[PDB]
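J.: Sending over start16.cif (mmCIF, C-alpha atoms).
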data_start
#
loop_
_atom_site.label_atom_id
_atom_site.label_comp_id
_atom_site.auth_asym_id
_atom_site.auth_seq_id
_atom_site.Cartn_x
_atom_site.Cartn_y
_atom_site.Cartn_z
CA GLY C 1 -34.59 -12.59 39.92
CA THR C 2 -32.36 -15.45 38.76
CA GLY C 3 -31.64 -17.57 35.66
CA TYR C 4 -29.49 -14.97 33.88
CA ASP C 5 -26.72 -17.58 33.52
CA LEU C 6 -28.85 -20.10 31.58
CA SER C 7 -28.96 -18.27 28.22
CA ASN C 8 -25.94 -16.99 26.28
CA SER C 9 -26.82 -13.50 24.99
CA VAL C 10 -28.58 -12.44 28.23
CA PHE C 11 -27.25 -9.51 30.26
CA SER C 12 -27.27 -9.95 34.04
CA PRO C 13 -28.47 -7.11 36.36
CA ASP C 14 -24.82 -6.04 36.75
CA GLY C 15 -24.17 -6.01 32.98
CA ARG C 16 -22.32 -9.33 32.80
CA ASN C 17 -22.49 -12.34 30.48
CA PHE C 18 -22.26 -15.39 32.75
CA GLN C 19 -22.14 -17.98 29.94
CA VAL C 20 -18.93 -16.30 28.73
CA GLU C 21 -17.53 -16.33 32.29
CA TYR C 22 -18.49 -20.02 32.52
CA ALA C 23 -16.47 -20.61 29.34
CA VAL C 24 -13.47 -18.98 31.06
CA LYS C 25 -13.75 -21.68 33.75
CA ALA C 26 -13.25 -24.30 31.02
CA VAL C 27 -10.07 -22.48 29.95
CA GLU C 28 -8.70 -22.21 33.51
CA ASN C 29 -9.25 -25.96 33.94
CA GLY C 30 -7.26 -26.61 30.74
CA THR C 31 -3.54 -27.07 30.10
CA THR C 32 -1.10 -24.14 30.52
CA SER C 33 0.29 -22.49 27.36
CA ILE C 34 2.50 -19.43 26.81
CA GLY C 35 3.78 -16.99 24.18
CA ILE C 36 6.94 -14.85 24.22
CA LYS C 37 7.54 -11.90 21.89
CA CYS C 38 11.26 -11.49 21.15
CA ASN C 39 13.40 -8.93 19.27
CA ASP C 40 12.42 -10.10 15.75
CA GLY C 41 9.82 -12.85 16.27
CA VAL C 42 7.58 -14.86 18.61
CA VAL C 43 7.91 -18.15 20.51
CA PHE C 44 5.00 -20.43 21.44
CA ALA C 45 5.13 -23.19 24.07
CA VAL C 46 2.59 -25.66 25.47
CA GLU C 47 2.33 -28.35 28.17
CA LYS C 48 1.20 -31.81 27.01
CA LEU C 49 -0.20 -33.92 29.86
CA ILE C 50 0.84 -37.54 29.32
CA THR C 51 -2.22 -39.49 30.50
CA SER C 52 -0.55 -42.89 30.05
CA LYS C 53 2.52 -44.59 28.54
CA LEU C 54 0.20 -45.59 25.67
CA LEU C 55 0.36 -42.08 24.17
CA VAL C 56 2.81 -42.03 21.26
CA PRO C 57 5.48 -39.36 21.98
CA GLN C 58 5.85 -36.32 19.67
CA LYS C 59 2.63 -37.16 17.78
CA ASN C 60 -0.36 -35.38 19.35
CA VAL C 61 0.55 -31.90 18.07
CA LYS C 62 -1.30 -29.04 19.79
CA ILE C 63 0.30 -25.95 18.21
CA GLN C 64 -1.21 -25.08 14.82
CA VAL C 65 -0.08 -22.98 11.85
CA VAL C 66 -2.28 -20.44 10.05
CA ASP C 67 -1.12 -19.55 6.52
CA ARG C 68 2.70 -19.78 6.58
CA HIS C 69 3.66 -17.12 9.14
CA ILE C 70 1.12 -17.34 11.97
CA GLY C 71 1.34 -19.79 14.88
CA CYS C 72 -1.56 -20.58 17.21
CA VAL C 73 -1.73 -22.18 20.67
CA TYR C 74 -4.76 -22.47 22.98
CA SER C 75 -5.92 -23.66 26.41
CA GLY C 76 -9.19 -25.38 27.36
CA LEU C 77 -11.51 -27.27 25.02
CA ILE C 78 -9.15 -28.52 22.29
CA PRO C 79 -11.94 -29.15 19.71
CA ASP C 80 -13.08 -25.52 20.15
CA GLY C 81 -9.50 -24.36 19.50
CA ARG C 82 -9.33 -26.37 16.27
CA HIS C 83 -12.61 -24.81 15.09
CA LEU C 84 -11.19 -21.33 15.62
CA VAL C 85 -7.98 -22.15 13.70
CA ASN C 86 -10.05 -23.59 10.81
CA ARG C 87 -11.94 -20.28 10.63
CA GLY C 88 -8.64 -18.37 10.82
CA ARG C 89 -7.19 -20.45 7.98
CA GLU C 90 -10.23 -19.64 5.82
CA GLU C 91 -9.98 -16.00 6.90
CA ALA C 92 -6.27 -15.82 6.00
CA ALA C 93 -6.87 -17.47 2.61
CA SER C 94 -9.67 -14.98 1.85
CA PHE C 95 -7.33 -12.05 2.59
CA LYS C 96 -4.49 -13.40 0.41
CA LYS C 97 -6.87 -14.15 -2.48
CA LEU C 98 -8.07 -10.53 -2.71
CA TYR C 99 -5.03 -8.54 -1.53
CA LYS C 100 -2.16 -10.82 -2.72
CA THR C 101 -0.05 -10.15 0.41
CA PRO C 102 -0.27 -12.54 3.41
CA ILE C 103 -2.54 -11.28 6.22
CA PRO C 104 -0.95 -8.92 8.80
CA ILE C 105 -1.02 -10.12 12.43
CA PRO C 106 -3.11 -7.19 13.78
CA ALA C 107 -5.46 -7.76 10.82
CA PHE C 108 -5.69 -11.49 11.61
CA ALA C 109 -6.22 -10.76 15.32
CA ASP C 110 -9.38 -8.75 14.62
CA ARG C 111 -10.74 -11.46 12.31
CA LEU C 112 -10.65 -14.01 15.15
CA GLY C 113 -11.83 -11.31 17.57
CA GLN C 114 -14.96 -10.52 15.55
CA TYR C 115 -15.71 -14.24 15.11
CA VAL C 116 -15.45 -15.07 18.83
CA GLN C 117 -17.46 -11.95 19.76
CA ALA C 118 -20.18 -13.16 17.36
CA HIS C 119 -20.68 -16.27 19.52
CA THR C 120 -21.70 -14.06 22.45
CA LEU C 121 -24.55 -12.32 20.59
CA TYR C 122 -26.99 -15.25 20.24
CA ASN C 123 -28.60 -17.87 22.50
CA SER C 124 -28.40 -20.42 19.66
CA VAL C 125 -24.59 -20.54 19.89
CA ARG C 126 -22.15 -21.40 22.68
CA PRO C 127 -19.07 -19.26 23.54
CA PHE C 128 -15.61 -20.65 22.79
CA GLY C 129 -14.03 -22.55 25.68
CA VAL C 130 -10.52 -21.47 24.66
CA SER C 131 -8.03 -18.65 25.17
CA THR C 132 -5.80 -18.51 22.09
CA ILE C 133 -2.24 -17.16 22.08
CA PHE C 134 -1.15 -16.38 18.51
CA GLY C 135 1.18 -14.22 16.39
CA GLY C 136 3.95 -13.95 13.80
CA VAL C 137 6.06 -11.69 11.58
CA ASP C 138 4.63 -9.37 8.90
CA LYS C 139 5.51 -6.14 7.04
CA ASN C 140 6.43 -4.25 10.22
CA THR X 1 -17.27 -20.19 -22.72
CA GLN X 2 -14.31 -17.85 -23.19
CA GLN X 3 -11.46 -16.95 -25.56
CA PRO X 4 -7.69 -16.80 -24.85
CA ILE X 5 -6.21 -13.28 -24.81
CA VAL X 6 -2.60 -13.29 -23.56
CA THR X 7 -1.05 -16.64 -24.50
CA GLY X 8 2.06 -18.78 -24.03
CA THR X 9 3.35 -21.20 -26.68
CA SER X 10 4.83 -24.75 -26.48
CA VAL X 11 5.92 -26.55 -23.31
CA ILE X 12 8.36 -29.39 -24.08
CA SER X 13 9.45 -32.26 -21.81
CA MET X 14 11.14 -35.68 -21.74
CA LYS X 15 12.34 -38.29 -19.22
CA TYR X 16 15.85 -39.71 -18.82
CA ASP X 17 17.45 -42.45 -16.66
CA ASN X 18 17.36 -40.53 -13.36
CA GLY X 19 14.56 -37.98 -13.86
CA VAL X 20 12.80 -35.48 -16.13
CA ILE X 21 13.57 -32.27 -18.06
CA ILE X 22 10.98 -29.57 -18.88
CA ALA X 23 11.30 -26.30 -20.85
CA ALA X 24 9.18 -23.31 -21.90
CA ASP X 25 9.97 -19.87 -23.35
CA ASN X 26 9.36 -16.53 -21.62
CA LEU X 27 6.84 -15.04 -24.08
CA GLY X 28 3.32 -13.72 -23.45
CA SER X 29 1.74 -13.09 -26.86
CA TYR X 30 -1.21 -10.76 -27.45
CA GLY X 31 -2.51 -12.23 -30.71
CA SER X 32 0.21 -11.52 -33.28
CA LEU X 33 1.82 -8.95 -30.96
CA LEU X 34 4.70 -10.27 -28.86
CA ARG X 35 3.71 -8.17 -25.85
CA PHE X 36 5.38 -9.61 -22.72
CA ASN X 37 8.91 -11.04 -22.44
CA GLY X 38 9.31 -11.62 -18.68
CA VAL X 39 6.80 -14.45 -18.26
CA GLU X 40 7.88 -17.55 -16.33
CA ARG X 41 5.70 -20.44 -17.51
CA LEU X 42 7.39 -23.16 -15.44
CA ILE X 43 6.01 -23.32 -11.89
CA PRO X 44 8.02 -25.35 -9.35
CA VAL X 45 5.88 -26.99 -6.66
CA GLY X 46 8.14 -28.04 -3.78
CA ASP X 47 11.49 -29.52 -4.80
CA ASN X 48 10.25 -32.62 -6.65
CA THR X 49 7.73 -31.18 -9.14
CA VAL X 50 7.69 -28.56 -11.92
CA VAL X 51 4.45 -27.57 -13.68
CA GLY X 52 4.69 -26.26 -17.27
CA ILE X 53 1.63 -24.35 -18.48
CA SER X 54 0.79 -23.13 -21.99
CA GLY X 55 -2.17 -21.11 -23.29
CA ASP X 56 -4.09 -18.35 -21.50
CA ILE X 57 -1.77 -16.46 -19.12
CA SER X 58 -4.54 -15.11 -16.86
CA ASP X 59 -5.70 -18.71 -16.34
CA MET X 60 -2.06 -19.74 -15.74
CA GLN X 61 -1.81 -17.13 -12.96
CA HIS X 62 -4.99 -18.61 -11.45
CA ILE X 63 -3.54 -22.12 -11.52
CA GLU X 64 -0.28 -20.73 -10.09
CA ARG X 65 -2.28 -19.39 -7.11
CA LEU X 66 -4.05 -22.76 -6.69
CA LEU X 67 -0.69 -24.55 -6.51
CA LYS X 68 0.60 -22.13 -3.85
CA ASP X 69 -2.59 -22.74 -1.85
CA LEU X 70 -2.08 -26.50 -2.22
CA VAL X 71 1.35 -26.20 -0.54
CA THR X 72 -0.14 -24.09 2.28
CA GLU X 73 -3.06 -26.51 2.76
CA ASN X 74 -0.80 -29.58 2.82
CA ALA X 75 1.34 -28.15 5.63
CA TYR X 76 -1.72 -27.64 7.88
CA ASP X 77 -1.74 -30.09 10.82
CA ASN X 78 0.99 -32.09 9.07
CA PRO X 79 4.30 -32.68 10.94
CA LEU X 80 5.65 -34.63 7.94
CA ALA X 81 4.92 -31.93 5.33
CA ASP X 82 8.60 -31.90 4.33
CA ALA X 83 9.09 -35.68 4.66
CA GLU X 84 6.67 -38.59 4.05
CA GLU X 85 3.49 -36.54 3.57
CA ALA X 86 5.06 -34.07 1.11
CA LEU X 87 3.33 -33.22 -2.18
CA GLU X 88 4.02 -35.84 -4.85
CA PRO X 89 4.02 -35.01 -8.61
CA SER X 90 1.14 -37.50 -8.92
CA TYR X 91 -0.92 -35.69 -6.25
CA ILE X 92 -0.37 -32.32 -7.93
CA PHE X 93 -1.34 -33.61 -11.39
CA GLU X 94 -4.48 -35.49 -10.29
CA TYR X 95 -5.73 -32.32 -8.56
CA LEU X 96 -5.16 -30.21 -11.69
CA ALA X 97 -6.70 -32.91 -13.90
CA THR X 98 -9.82 -32.87 -11.70
CA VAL X 99 -10.09 -29.06 -11.92
CA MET X 100 -9.55 -29.04 -15.71
CA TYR X 101 -12.29 -31.63 -16.33
CA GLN X 102 -14.75 -30.00 -13.89
CA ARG X 103 -14.37 -26.63 -15.63
CA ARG X 104 -14.99 -28.08 -19.12
CA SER X 105 -18.07 -29.90 -17.77
CA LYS X 106 -19.42 -26.55 -16.55
CA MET X 107 -18.67 -25.07 -20.01
CA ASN X 108 -16.21 -22.58 -18.48
CA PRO X 109 -12.76 -24.08 -19.18
CA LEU X 110 -9.28 -23.01 -18.10
CA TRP X 111 -7.72 -22.39 -21.51
CA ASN X 112 -4.50 -24.28 -20.88
CA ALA X 113 -2.35 -27.26 -21.82
CA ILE X 114 -0.42 -28.46 -18.76
CA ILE X 115 2.51 -30.87 -18.36
CA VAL X 116 3.40 -32.03 -14.84
CA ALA X 117 7.06 -33.08 -14.59
CA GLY X 118 8.62 -34.57 -11.46
CA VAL X 119 10.13 -37.47 -9.52
CA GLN X 120 8.06 -39.62 -7.13
CA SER X 121 9.16 -40.44 -3.55
CA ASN X 122 10.34 -43.91 -4.63
CA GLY X 123 12.44 -42.45 -7.47
CA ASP X 124 10.03 -43.07 -10.36
CA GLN X 125 9.81 -40.47 -13.13
CA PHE X 126 6.49 -38.65 -13.52
CA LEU X 127 5.43 -37.04 -16.80
CA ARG X 128 1.74 -36.52 -17.60
CA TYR X 129 -0.35 -34.13 -19.72
CA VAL X 130 -3.71 -32.40 -19.11
CA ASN X 131 -5.54 -29.86 -21.31
CA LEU X 132 -8.65 -27.63 -21.29
CA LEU X 133 -10.82 -30.64 -22.22
CA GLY X 134 -9.47 -32.72 -19.32
CA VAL X 135 -7.75 -35.18 -21.66
CA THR X 136 -4.85 -36.93 -19.90
CA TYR X 137 -1.97 -39.08 -21.22
CA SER X 138 1.59 -40.22 -20.42
CA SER X 139 4.55 -40.69 -22.78
CA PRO X 140 8.39 -40.75 -22.58
CA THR X 141 8.25 -37.35 -24.34
CA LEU X 142 5.48 -34.75 -23.99
CA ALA X 143 4.95 -31.40 -25.72
CA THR X 144 2.09 -28.88 -25.92
CA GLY X 145 0.73 -26.97 -28.93
CA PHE X 146 3.38 -26.32 -31.56
CA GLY X 147 5.98 -28.49 -29.80
CA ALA X 148 3.77 -31.56 -30.30
CA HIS X 149 4.41 -31.31 -34.06
CA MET X 150 8.09 -30.35 -34.10
CA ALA X 151 9.80 -31.12 -30.77
CA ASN X 152 8.20 -34.56 -30.26
CA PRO X 153 9.62 -36.04 -33.51
CA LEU X 154 13.10 -34.88 -32.42
CA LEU X 155 12.76 -36.05 -28.80
CA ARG X 156 11.35 -39.46 -29.84
CA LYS X 157 14.56 -40.04 -31.83
CA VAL X 158 16.35 -40.19 -28.46
CA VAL X 159 13.66 -42.05 -26.48
CA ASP X 160 11.39 -43.99 -28.86
CA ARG X 161 10.00 -46.39 -26.25
CA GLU X 162 10.17 -47.21 -22.51
CA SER X 163 13.40 -49.23 -22.82
CA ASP X 164 15.31 -46.22 -24.20
CA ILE X 165 14.82 -44.24 -20.96
CA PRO X 166 17.51 -45.96 -18.80
CA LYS X 167 19.92 -45.61 -21.76
CA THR X 168 19.53 -41.81 -21.91
CA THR X 169 21.79 -39.59 -19.77
CA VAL X 170 21.15 -36.02 -18.54
CA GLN X 171 23.66 -34.61 -21.05
CA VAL X 172 21.98 -36.23 -24.08
CA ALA X 173 18.46 -35.41 -22.83
CA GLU X 174 19.21 -31.71 -22.21
CA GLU X 175 20.95 -31.44 -25.60
CA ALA X 176 17.78 -32.73 -27.30
CA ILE X 177 15.65 -30.25 -25.33
CA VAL X 178 17.87 -27.24 -26.16
CA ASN X 179 17.97 -28.28 -29.84
CA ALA X 180 14.16 -28.57 -29.92
CA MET X 181 13.85 -25.03 -28.51
CA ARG X 182 16.00 -23.76 -31.40
CA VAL X 183 13.80 -25.52 -33.99
CA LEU X 184 10.70 -24.04 -32.31
CA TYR X 185 12.30 -20.58 -32.53
CA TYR X 186 12.96 -21.24 -36.23
CA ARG X 187 9.43 -22.15 -37.32
CA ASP X 188 7.00 -20.91 -34.63
CA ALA X 189 5.89 -17.29 -35.10
CA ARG X 190 4.74 -17.03 -31.46
CA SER X 191 8.05 -18.09 -29.89
CA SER X 192 10.79 -16.26 -27.98
CA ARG X 193 14.57 -16.72 -27.99
CA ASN X 194 14.69 -16.54 -24.18
CA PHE X 195 13.53 -19.60 -22.23
CA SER X 196 13.65 -21.45 -18.90
CA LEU X 197 14.73 -25.05 -18.28
CA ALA X 198 14.08 -27.28 -15.26
CA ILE X 199 15.73 -30.61 -14.39
CA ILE X 200 14.22 -32.84 -11.70
CA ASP X 201 16.63 -35.63 -10.77
CA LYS X 202 16.28 -38.32 -8.09
CA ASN X 203 19.87 -37.62 -6.98
CA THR X 204 20.75 -33.94 -7.59
CA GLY X 205 17.18 -32.74 -6.89
CA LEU X 206 15.64 -29.75 -8.66
CA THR X 207 17.77 -27.57 -10.94
CA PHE X 208 15.96 -24.48 -12.23
CA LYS X 209 17.79 -22.68 -15.04
CA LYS X 210 16.69 -19.15 -16.01
CA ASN X 211 17.45 -16.72 -18.87
CA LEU X 212 18.64 -19.36 -21.37
CA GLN X 213 18.99 -18.29 -25.00
CA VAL X 214 18.83 -20.04 -28.38
CA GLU X 215 22.42 -20.21 -29.64
CA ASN X 216 24.31 -21.65 -32.65
CA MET X 217 21.80 -20.52 -35.29
CA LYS X 218 22.22 -21.15 -39.03
CA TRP X 219 21.34 -18.07 -41.10
CA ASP X 220 24.30 -17.73 -43.46
CA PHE X 221 22.52 -19.55 -46.32
CA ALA X 222 19.99 -16.69 -46.60
CA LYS X 223 22.43 -14.49 -48.56
CA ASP X 224 22.52 -16.99 -51.44
CA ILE X 225 18.72 -16.95 -51.79
CA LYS X 226 17.32 -14.20 -54.03
CA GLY X 227 13.91 -13.80 -55.69
CA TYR X 228 11.18 -16.45 -55.67
CA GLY X 229 11.78 -18.27 -58.97
CA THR X 230 13.48 -16.60 -61.94
CA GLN X 231 15.22 -13.58 -60.36
CA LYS X 232 19.03 -13.80 -60.39
CA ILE X 233 20.17 -10.65 -58.55
#
Before we go any further, please render this structure as structure tokens.

T.:
Amino acid sequence: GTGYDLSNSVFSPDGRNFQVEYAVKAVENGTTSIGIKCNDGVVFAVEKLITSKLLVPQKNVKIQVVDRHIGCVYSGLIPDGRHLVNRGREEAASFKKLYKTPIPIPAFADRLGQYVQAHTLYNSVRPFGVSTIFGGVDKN
Amino acid sequence: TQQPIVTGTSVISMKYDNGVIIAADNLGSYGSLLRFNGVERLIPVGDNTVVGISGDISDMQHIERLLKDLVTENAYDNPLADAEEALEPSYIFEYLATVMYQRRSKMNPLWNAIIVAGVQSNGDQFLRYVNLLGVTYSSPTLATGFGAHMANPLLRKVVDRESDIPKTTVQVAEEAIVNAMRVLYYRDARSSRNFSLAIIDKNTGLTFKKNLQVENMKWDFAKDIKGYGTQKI
């Protein structure tokens, strides 16, 4: 029948999660942001739609730092993006506390990956309305 | 409730006309055994604050990690992390003072005596003390443990009260600090010859000096002393 798109963790007849796909629509509606990997680093850039002349220039910072070597930028629901960075900052601090060394980028990528995937397993939680571009420099 | 295992002795400090000077030796004692000699006990936080810690070394390393996390946390969502919203010596101390008192209230203290030395954003000198009990106080001169008995009397001869501070130059202040480190090496059995010295000035900034040694020692008079009372040869 129908109604497969009402609940989060529900599989549709064709093996799809519509609530996740509906969250992608919130990202596509959002501001454009990019990331460029260079020869020895990464560069993040983001558009900042000036709604009115009342907005104070160079103040509403969108790009966020995790630890001291990871930069994060996202598109879509800005509050959802901040929630993910807050988790990543806790996740990076937990890694450094136990292993001394700052968290590797592929290691940090999985930590956010497992956390976002977790929000697709239950009907009590909503999927993240953000696509996050992130990275930095580590051991290799 | 715990007991200190690997320990660090005195941390001495004083304030002059333009800033503060702090010093501590590089020893990590294991009871009566002088076990470790490459221990830095002065932790610089930013470029305006230096934290001198005495007592339990394992607890010092914990505090050292907390200070590094404070710098990381302050830079989060803060575009003025290196300007107006940078970590002040007063912010760093008050945080440590809160932790020290909370741990003693839970009967699990950090076995340390800490002196926070630095210069505020407006140019004011900062020098405050906090111990394992959470007891806090400020004075023109501050010293922990054994330095409180020996270095303080010497440093108070230079700056006795608040009015003596603007009359004291960097040259005179450092001379009194280096001299006090020699006296501590003379009479403290848990002291090292090698030490570090940090100067935080409102003009020249932070000057961290490493691998300093106690020089100009008087020992020649020992040859003339023989026996303990009546012995002549």

J.: Report the residues retrieved by the PyMOL selection byres ((chain C) within 8 of (chain X)) from the displayed file, expressed as a list in words.

T.: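 Here the PyMOL selection byres ((chain C) within 8 of (chain X)) matches residues 61, 64, 65, 66, 67 and 68 of chain C.
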
J.: Apply the PyMOL selection byres ((chain C and resi 136) around 6) to the file shown and report the selected residues as a PDB file with C-alpha atoms, in the coordinates of the input.

T.:
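Saved to result_25.pdb:
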ATOM      1  CA  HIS C  69       3.660 -17.120   9.140  1.00  0.00           C
ATOM      2  CA  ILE C  70       1.120 -17.340  11.970  1.00  0.00           C
ATOM      3  CA  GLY C 135       1.180 -14.220  16.390  1.00  0.00           C
ATOM      4  CA  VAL C 137       6.060 -11.690  11.580  1.00  0.00           C
TER       5      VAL C 137
END

J.: Could you tell me how far atom CA of residue X:216 lies from atom CA of residue X:175, in Å and to one decimal?

T.: 12.5 Å

J.: Taking into account all atoms listed in the file, which residue in the set C:84, C:63, C:77, C:93 is nearest to residue C:31?

T.: C:77

J.: Write out as a PyMOL selection string which residues come within 12 Å of residue C:36 when counting only C-alpha atoms, dropping same-chain ones fewer than 4 positions away.

T.: chain C and resi 40-46+71+73+133-136
